[PDB]
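Asker: The structure is given below, and queries will be raised subsequently.
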Protein chains: 2
Amino acid sequence: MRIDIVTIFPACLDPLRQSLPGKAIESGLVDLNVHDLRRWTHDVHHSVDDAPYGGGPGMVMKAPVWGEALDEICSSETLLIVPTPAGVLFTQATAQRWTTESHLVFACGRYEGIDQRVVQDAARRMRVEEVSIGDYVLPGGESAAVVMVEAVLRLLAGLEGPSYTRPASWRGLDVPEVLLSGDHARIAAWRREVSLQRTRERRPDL
Amino acid sequence: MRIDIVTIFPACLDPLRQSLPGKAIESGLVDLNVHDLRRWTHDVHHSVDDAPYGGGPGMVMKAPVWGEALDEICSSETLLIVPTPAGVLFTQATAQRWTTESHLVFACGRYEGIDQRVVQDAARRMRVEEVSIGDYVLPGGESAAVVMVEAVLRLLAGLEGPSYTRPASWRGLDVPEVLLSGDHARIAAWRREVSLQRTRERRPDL
Ligand SMILES: NC1CCN(Cc2ccc(CNC(=O)c3csc4nc[nH]c(=O)c34)cc2)CC1
Ligand SMILES: NC1CCN(Cc2ccc(CNC(=O)c3csc4nc[nH]c(=O)c34)cc2)CC1
């Protein structure tokens, strides 16, 4: 797989060079590229942002600088991923289907976001997905991109109940006797019950 | 605020030293500490994991090594955050209330997770929260911790419709005329409509 990440903060994607994402690149399975958006600016200040039309707080990421960036990087086979709090939610279903792609481009937005037309224009030649990682507000799209990339890369290099290891008794807390029984069907029966219960208390919607 | 992050991958928390999270530490508003869990191991191999009781795939993070780590770092006033796919969902409501804390500890889990007793024992002296960032599977809790910390740190240093900046016309795509009208009540009326519509198409549950 080929992954290109476009951002004003390349260093924010350095965890992708560590642990399993790093093992995926070193195995030669994934080719990761992280680009500074400012490499496509031609002004003396390397401005990527500007004042929003219709006013409002914050700044808006310039469409022509992004347009130039994505014009060189993308092709008609590219899946352009635009992380945004306005997108559809990222799930494991999304991670699983992204493993069937040869080229993923992550257009990481800063300030108030990216000029909407970048997405409309890109959709003329390639598929585009606007995706949120959850119901919370982040200052940028780089942390979201790390999350999405390691979840895809986890499958590439191929509610949960509680886990216990040695010792059997620790600080007055004993490992449930059932996990020391040797009855594999009984162990499975318990794990289902505890998971089902944990699911009702924390995520009844699931 | 004081933030301590315990992990087997300290480098995975380096984006917190960049952008706004970095501005929060440099402003002296937040004191960030990232610890290697292996600094609390006494064996020759610095083993943090071991085989699970009742069997099953993968390894389980040892409770005594974590117990020793959290014993030194935490106090009775500490809010211990255990990122896990078994936790309650992280939202903006959670980020907003975490801004009222003086000490947050992030116990980042690897392998199949942390021995459940670490959480049960810690809950004897301090408050504990098991939290998931979404309906997807990650190889570790460090990316989740970056997400949660920048969302809290964003508020500390204090669906959305589309955004547009200069030029008015780009690649045959014009900025909606309404944003060039000068009628602030009309601009607000439109922004509500487009957001409400985007919300119905992507997040009707919201
Ligand atoms: N007081 C208001 C709060 C919301 N602001 C909008 C806004 C704009 C840009 C962002 C940046 N978001 C991301 O890059 C992002 C990218 S993926 C993602 N998933 C969940 N939440 C997220 O914030 C993100 C967040 C919020 C406007 C001012
Ligand atoms: N084939 C099975 C797939 C699930 N595995 C369980 C498992 C254990 C540990 C993790 C690690 N998760 C996190 O550290 C985590 C921490 S916060 C979070 N939020 C959403 N999703 C997440 O995975 C996380 C993920 C899945 C068992 C094998």
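Just remember, in the structure tokens the first chain shown is A, the second B, etc., residues are 1-based per chain, and ligands are 1-based in the order shown.
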Distance cut-off 7 Å, counting only C-alpha atoms - which residues of chain B neighbour chain A? Return them as an mmCIF file with N, CA, C and O atoms, in the first residue's frame.

Answerer:
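The result, written out as iface.cif:
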data_model
loop_
_atom_site.group_PDB
_atom_site.id
_atom_site.type_symbol
_atom_site.label_atom_id
_atom_site.label_comp_id
_atom_site.auth_asym_id
_atom_site.auth_seq_id
_atom_site.Cartn_x
_atom_site.Cartn_y
_atom_site.Cartn_z
ATOM 1 N N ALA B 11 8.215 7.539 22.486
ATOM 2 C CA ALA B 11 8.290 8.280 21.225
ATOM 3 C C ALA B 11 6.908 8.495 20.574
ATOM 4 O O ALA B 11 6.710 9.545 19.984
ATOM 5 N N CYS B 12 5.933 7.566 20.764
ATOM 6 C CA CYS B 12 4.545 7.693 20.235
ATOM 7 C C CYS B 12 3.763 8.930 20.786
ATOM 8 O O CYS B 12 2.689 9.267 20.264
ATOM 9 N N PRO B 15 4.112 13.904 19.316
ATOM 10 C CA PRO B 15 3.304 14.988 18.724
ATOM 11 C C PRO B 15 2.781 15.988 19.761
ATOM 12 O O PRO B 15 2.460 17.114 19.396
ATOM 13 N N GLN B 18 4.619 19.138 19.841
ATOM 14 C CA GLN B 18 4.431 19.952 18.639
ATOM 15 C C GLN B 18 3.076 20.673 18.691
ATOM 16 O O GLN B 18 2.191 20.265 19.453
ATOM 17 N N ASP B 50 2.919 -11.219 29.759
ATOM 18 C CA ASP B 50 2.921 -12.635 30.137
ATOM 19 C C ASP B 50 1.667 -13.329 29.565
ATOM 20 O O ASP B 50 0.763 -12.649 29.090
ATOM 21 N N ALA B 51 1.641 -14.670 29.559
ATOM 22 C CA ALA B 51 0.538 -15.476 29.023
ATOM 23 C C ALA B 51 -0.803 -15.250 29.766
ATOM 24 O O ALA B 51 -0.821 -15.174 30.997
ATOM 25 N N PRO B 52 -1.937 -15.164 29.038
ATOM 26 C CA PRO B 52 -3.219 -14.947 29.728
ATOM 27 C C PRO B 52 -3.773 -16.183 30.440
ATOM 28 O O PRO B 52 -3.616 -17.311 29.952
ATOM 29 N N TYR B 53 -4.436 -15.969 31.600
ATOM 30 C CA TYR B 53 -5.110 -17.049 32.324
ATOM 31 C C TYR B 53 -6.381 -17.383 31.543
ATOM 32 O O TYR B 53 -7.045 -16.479 31.021
ATOM 33 N N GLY B 54 -6.669 -18.678 31.434
ATOM 34 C CA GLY B 54 -7.798 -19.200 30.671
ATOM 35 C C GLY B 54 -7.464 -19.320 29.198
ATOM 36 O O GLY B 54 -8.325 -19.670 28.388
ATOM 37 N N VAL B 60 -0.768 -10.541 27.943
ATOM 38 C CA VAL B 60 -1.443 -9.642 28.890
ATOM 39 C C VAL B 60 -0.407 -8.857 29.697
ATOM 40 O O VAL B 60 0.537 -9.457 30.215
ATOM 41 N N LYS B 62 1.400 -7.315 32.601
ATOM 42 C CA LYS B 62 1.596 -7.687 34.008
ATOM 43 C C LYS B 62 1.032 -6.648 34.952
ATOM 44 O O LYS B 62 1.323 -5.464 34.799
ATOM 45 N N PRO B 85 -10.516 -0.519 24.173
ATOM 46 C CA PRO B 85 -11.726 -0.586 23.326
ATOM 47 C C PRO B 85 -12.950 -1.043 24.134
ATOM 48 O O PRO B 85 -14.047 -1.094 23.598
ATOM 49 N N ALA B 86 -12.746 -1.377 25.428
ATOM 50 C CA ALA B 86 -13.783 -1.818 26.372
ATOM 51 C C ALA B 86 -14.342 -0.663 27.202
ATOM 52 O O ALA B 86 -15.282 -0.856 27.965
ATOM 53 N N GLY B 87 -13.799 0.530 27.023
ATOM 54 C CA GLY B 87 -14.233 1.685 27.804
ATOM 55 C C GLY B 87 -15.454 2.404 27.296
ATOM 56 O O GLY B 87 -15.978 2.077 26.230
ATOM 57 N N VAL B 88 -15.914 3.402 28.068
ATOM 58 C CA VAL B 88 -17.007 4.284 27.667
ATOM 59 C C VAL B 88 -16.404 5.211 26.598
ATOM 60 O O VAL B 88 -15.214 5.499 26.647
ATOM 61 N N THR B 91 -15.952 11.810 24.489
ATOM 62 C CA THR B 91 -16.733 12.860 23.814
ATOM 63 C C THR B 91 -16.153 14.215 24.233
ATOM 64 O O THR B 91 -15.266 14.261 25.092
ATOM 65 N N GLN B 92 -16.678 15.317 23.658
ATOM 66 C CA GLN B 92 -16.279 16.678 24.026
ATOM 67 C C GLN B 92 -16.669 16.981 25.485
ATOM 68 O O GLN B 92 -15.934 17.691 26.178
ATOM 69 N N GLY B 113 -3.940 -5.966 26.308
ATOM 70 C CA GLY B 113 -4.375 -5.007 27.313
ATOM 71 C C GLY B 113 -3.709 -5.202 28.661
ATOM 72 O O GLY B 113 -2.796 -6.022 28.800
ATOM 73 N N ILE B 114 -4.185 -4.446 29.664
ATOM 74 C CA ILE B 114 -3.686 -4.438 31.046
ATOM 75 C C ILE B 114 -4.510 -5.379 31.957
ATOM 76 O O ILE B 114 -5.741 -5.424 31.846
ATOM 77 N N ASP B 115 -3.835 -6.123 32.852
ATOM 78 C CA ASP B 115 -4.506 -7.010 33.819
ATOM 79 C C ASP B 115 -5.580 -6.183 34.555
ATOM 80 O O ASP B 115 -5.262 -5.141 35.143
ATOM 81 N N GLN B 116 -6.857 -6.602 34.434
ATOM 82 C CA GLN B 116 -8.034 -5.928 35.018
ATOM 83 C C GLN B 116 -7.882 -5.479 36.480
ATOM 84 O O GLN B 116 -8.486 -4.486 36.870
ATOM 85 N N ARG B 117 -7.074 -6.196 37.268
ATOM 86 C CA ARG B 117 -6.892 -5.913 38.692
ATOM 87 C C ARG B 117 -6.180 -4.583 38.950
ATOM 88 O O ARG B 117 -6.489 -3.950 39.948
ATOM 89 N N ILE B 133 -11.810 5.692 22.203
ATOM 90 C CA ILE B 133 -11.935 6.865 21.323
ATOM 91 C C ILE B 133 -12.884 6.600 20.135
ATOM 92 O O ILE B 133 -13.262 7.557 19.444
ATOM 93 N N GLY B 134 -13.312 5.344 19.948
ATOM 94 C CA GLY B 134 -14.248 5.001 18.885
ATOM 95 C C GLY B 134 -14.410 3.537 18.551
ATOM 96 O O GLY B 134 -13.678 2.683 19.060
ATOM 97 N N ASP B 135 -15.361 3.243 17.636
ATOM 98 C CA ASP B 135 -15.701 1.882 17.202
ATOM 99 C C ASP B 135 -14.732 1.306 16.160
ATOM 100 O O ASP B 135 -15.145 0.888 15.087
ATOM 101 N N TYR B 136 -13.447 1.230 16.520
ATOM 102 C CA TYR B 136 -12.394 0.708 15.667
ATOM 103 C C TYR B 136 -11.280 0.149 16.550
ATOM 104 O O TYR B 136 -11.176 0.526 17.707
ATOM 105 N N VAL B 137 -10.451 -0.741 16.010
ATOM 106 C CA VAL B 137 -9.384 -1.416 16.755
ATOM 107 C C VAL B 137 -8.003 -0.869 16.400
ATOM 108 O O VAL B 137 -7.627 -0.832 15.233
ATOM 109 N N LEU B 138 -7.268 -0.430 17.427
ATOM 110 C CA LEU B 138 -5.921 0.131 17.356
ATOM 111 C C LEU B 138 -4.908 -0.841 17.979
ATOM 112 O O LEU B 138 -5.302 -1.637 18.836
ATOM 113 N N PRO B 139 -3.611 -0.806 17.584
ATOM 114 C CA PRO B 139 -2.640 -1.739 18.186
ATOM 115 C C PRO B 139 -2.158 -1.345 19.592
ATOM 116 O O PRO B 139 -1.471 -2.136 20.239
ATOM 117 N N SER B 143 -1.917 6.441 20.594
ATOM 118 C CA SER B 143 -2.573 7.315 19.615
ATOM 119 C C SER B 143 -3.841 7.873 20.229
ATOM 120 O O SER B 143 -4.110 9.055 20.077
ATOM 121 N N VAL B 146 -2.944 10.679 22.703
ATOM 122 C CA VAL B 146 -2.586 11.911 21.988
ATOM 123 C C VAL B 146 -3.887 12.676 21.686
ATOM 124 O O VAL B 146 -3.982 13.870 21.979
ATOM 125 N N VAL B 147 -4.893 11.955 21.150
ATOM 126 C CA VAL B 147 -6.217 12.468 20.788
ATOM 127 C C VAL B 147 -6.889 13.133 21.995
ATOM 128 O O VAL B 147 -7.271 14.308 21.923
ATOM 129 N N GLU B 150 -4.804 16.364 23.348
ATOM 130 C CA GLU B 150 -4.907 17.600 22.562
ATOM 131 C C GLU B 150 -6.306 18.194 22.610
ATOM 132 O O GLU B 150 -6.432 19.416 22.526
ATOM 133 N N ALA B 151 -7.344 17.346 22.799
ATOM 134 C CA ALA B 151 -8.738 17.785 22.920
ATOM 135 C C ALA B 151 -8.951 18.509 24.259
ATOM 136 O O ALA B 151 -9.657 19.500 24.293
ATOM 137 N N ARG B 154 -6.680 21.782 24.040
ATOM 138 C CA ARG B 154 -7.306 22.733 23.114
ATOM 139 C C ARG B 154 -8.178 23.708 23.906
ATOM 140 O O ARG B 154 -8.144 24.908 23.648
ATOM 141 N N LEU B 159 -23.250 19.030 13.028
ATOM 142 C CA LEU B 159 -21.977 18.991 12.306
ATOM 143 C C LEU B 159 -21.653 20.377 11.761
ATOM 144 O O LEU B 159 -22.570 21.105 11.372
ATOM 145 N N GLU B 160 -20.357 20.747 11.746
ATOM 146 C CA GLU B 160 -19.885 22.039 11.251
ATOM 147 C C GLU B 160 -20.141 22.109 9.761
ATOM 148 O O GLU B 160 -19.920 21.123 9.052
ATOM 149 N N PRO B 162 -19.755 23.961 5.764
ATOM 150 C CA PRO B 162 -18.535 24.157 4.960
ATOM 151 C C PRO B 162 -17.863 25.516 5.166
ATOM 152 O O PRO B 162 -18.513 26.466 5.596
ATOM 153 N N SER B 163 -16.555 25.600 4.838
ATOM 154 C CA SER B 163 -15.743 26.818 4.921
ATOM 155 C C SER B 163 -15.179 27.165 3.546
ATOM 156 O O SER B 163 -14.915 26.272 2.728
ATOM 157 N N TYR B 164 -15.044 28.474 3.278
ATOM 158 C CA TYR B 164 -14.530 28.987 2.023
ATOM 159 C C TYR B 164 -13.695 30.233 2.286
ATOM 160 O O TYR B 164 -14.049 31.053 3.135
ATOM 161 N N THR B 165 -12.598 30.378 1.532
ATOM 162 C CA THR B 165 -11.728 31.554 1.555
ATOM 163 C C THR B 165 -11.451 31.973 0.112
ATOM 164 O O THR B 165 -12.089 31.430 -0.798
ATOM 165 N N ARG B 166 -10.536 32.953 -0.094
ATOM 166 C CA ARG B 166 -10.138 33.480 -1.408
ATOM 167 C C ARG B 166 -9.507 32.385 -2.298
ATOM 168 O O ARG B 166 -8.775 31.546 -1.776
ATOM 169 N N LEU B 173 -15.580 26.491 -9.514
ATOM 170 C CA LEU B 173 -16.347 26.385 -8.266
ATOM 171 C C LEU B 173 -16.365 27.726 -7.543
ATOM 172 O O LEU B 173 -15.320 28.249 -7.132
ATOM 173 N N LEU B 179 -22.425 34.124 1.115
ATOM 174 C CA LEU B 179 -21.222 34.477 1.894
ATOM 175 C C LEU B 179 -20.548 35.763 1.388
ATOM 176 O O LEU B 179 -19.646 36.291 2.049
ATOM 177 N N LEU B 180 -21.017 36.283 0.237
ATOM 178 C CA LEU B 180 -20.553 37.543 -0.355
ATOM 179 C C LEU B 180 -21.647 38.626 -0.284
ATOM 180 O O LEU B 180 -21.480 39.693 -0.869
ATOM 181 N N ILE B 187 -26.405 35.128 6.368
ATOM 182 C CA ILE B 187 -25.233 34.237 6.407
ATOM 183 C C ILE B 187 -25.431 33.168 7.515
ATOM 184 O O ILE B 187 -25.254 31.975 7.239
ATOM 185 N N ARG B 202 -25.169 12.556 7.186
ATOM 186 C CA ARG B 202 -24.006 11.865 7.753
ATOM 187 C C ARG B 202 -24.197 11.336 9.175
ATOM 188 O O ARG B 202 -23.713 10.235 9.485
ATOM 189 N N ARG B 203 -24.860 12.124 10.052
ATOM 190 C CA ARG B 203 -25.084 11.758 11.463
ATOM 191 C C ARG B 203 -26.549 11.971 11.936
ATOM 192 O O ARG B 203 -26.763 12.803 12.824
#

Asker: Find, counting only C-alpha atoms and all ligand atoms, the residue in A:74, A:185, A:107, A:24 that gets nearest to ligand 1.

Answerer: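 Using only C-alpha atoms and all ligand atoms, the shortest distance to ligand 1 belongs to A:107.
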
Asker: Give me, as an MDAnalysis selection string, the residues of stretch 121-178 of chain B that a backbone DSSP run labels helix (DSSP H, G or I).

Answerer: chainID B and resid 121:122 142:156 177:178

Asker: Would you export the selected residues with N, CA and C atoms as a short mmCIF file (atom, residue, chain, number, x, y, z; two decimals), in the first residue's frame, please?

Answerer:
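Generated output (again-v7.cif):
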data_model
loop_
_atom_site.label_atom_id
_atom_site.label_comp_id
_atom_site.auth_asym_id
_atom_site.auth_seq_id
_atom_site.Cartn_x
_atom_site.Cartn_y
_atom_site.Cartn_z
N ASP B 121 -7.58 -2.24 41.86
CA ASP B 121 -6.68 -1.81 42.93
C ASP B 121 -6.54 -0.29 42.95
N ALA B 122 -6.30 0.34 41.77
CA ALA B 122 -6.15 1.79 41.68
C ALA B 122 -7.40 2.51 42.17
N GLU B 142 -1.55 4.68 22.85
CA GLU B 142 -0.78 5.92 22.72
C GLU B 142 -1.40 6.91 21.77
N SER B 143 -1.92 6.44 20.59
CA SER B 143 -2.57 7.32 19.61
C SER B 143 -3.84 7.87 20.23
N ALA B 144 -4.58 7.03 20.99
CA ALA B 144 -5.80 7.41 21.71
C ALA B 144 -5.49 8.48 22.76
N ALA B 145 -4.37 8.34 23.48
CA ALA B 145 -3.92 9.29 24.51
C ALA B 145 -3.56 10.66 23.91
N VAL B 146 -2.94 10.68 22.70
CA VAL B 146 -2.59 11.91 21.99
C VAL B 146 -3.89 12.68 21.69
N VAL B 147 -4.89 11.96 21.15
CA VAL B 147 -6.22 12.47 20.79
C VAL B 147 -6.89 13.13 22.00
N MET B 148 -7.00 12.38 23.11
CA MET B 148 -7.62 12.85 24.35
C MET B 148 -6.87 14.05 24.97
N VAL B 149 -5.52 14.05 24.90
CA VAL B 149 -4.72 15.12 25.50
C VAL B 149 -4.82 16.42 24.70
N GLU B 150 -4.80 16.36 23.35
CA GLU B 150 -4.91 17.60 22.56
C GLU B 150 -6.31 18.19 22.61
N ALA B 151 -7.34 17.35 22.80
CA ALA B 151 -8.74 17.78 22.92
C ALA B 151 -8.95 18.51 24.26
N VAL B 152 -8.29 18.05 25.34
CA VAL B 152 -8.33 18.70 26.65
C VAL B 152 -7.47 19.99 26.60
N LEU B 153 -6.25 19.88 26.03
CA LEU B 153 -5.28 20.97 25.90
C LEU B 153 -5.76 22.10 24.98
N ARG B 154 -6.68 21.78 24.04
CA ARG B 154 -7.31 22.73 23.11
C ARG B 154 -8.18 23.71 23.91
N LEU B 155 -8.94 23.18 24.88
CA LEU B 155 -9.82 23.95 25.76
C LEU B 155 -9.00 24.75 26.77
N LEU B 156 -7.94 24.13 27.30
CA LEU B 156 -6.98 24.69 28.26
C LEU B 156 -6.37 26.02 27.76
N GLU B 177 -22.87 32.59 -3.13
CA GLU B 177 -23.20 34.03 -3.21
C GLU B 177 -23.56 34.65 -1.86
N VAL B 178 -24.33 33.91 -1.02
CA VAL B 178 -24.78 34.29 0.33
C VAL B 178 -23.60 34.75 1.24
#

Asker: Which residue gives the smallest distance to ligand 2 among B:129, B:26, B:31, B:101, with only C-alpha atoms and all ligand atoms counted?

Answerer: B:129

Asker: If I take atom CA of residue B:128 and atom CA of residue B:108, how far is one from the other in Å, to one decimal?

Answerer: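 One can read the atom CA of residue B:128 to atom CA of residue B:108 distance as 13.4 Å.
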
Asker: May I have all residues of stretch 20-205 of chain B that DSSP, computed from the backbone, assigns to strand (DSSP E or B), given as an MDAnalysis selection string?

Answerer: chainID B and resid 31:36 49:50 60:61 79:89 103:107 114 127:132 169:170 173:174

Asker: For residue A:6, please output as number ranges by chain all residues within 12 Å (counting only C-alpha atoms; exclusion window: fewer than 5 positions along the same chain).

Answerer: A: 11-13, 32-40, 65-70, 72-74, 80-83, 104-110, 141-142, 145

Asker: Kindly give the distance, in Å, that separates atom 21 (N, counted along the ligand's line) of ligand 2 and atom CA of residue B:196, rounded to a single decimal.

Answerer: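 So the two atoms, atom 21 (N, counted along the ligand's line) of ligand 2 and atom CA of residue B:196, lie 28.7 Å apart.
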
Asker: Can you measure atom CA of residue B:124 to atom CA of residue B:47 for me? One decimal in Å is fine.

Answerer: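 Between these atoms lies a distance of 26.2 Å.
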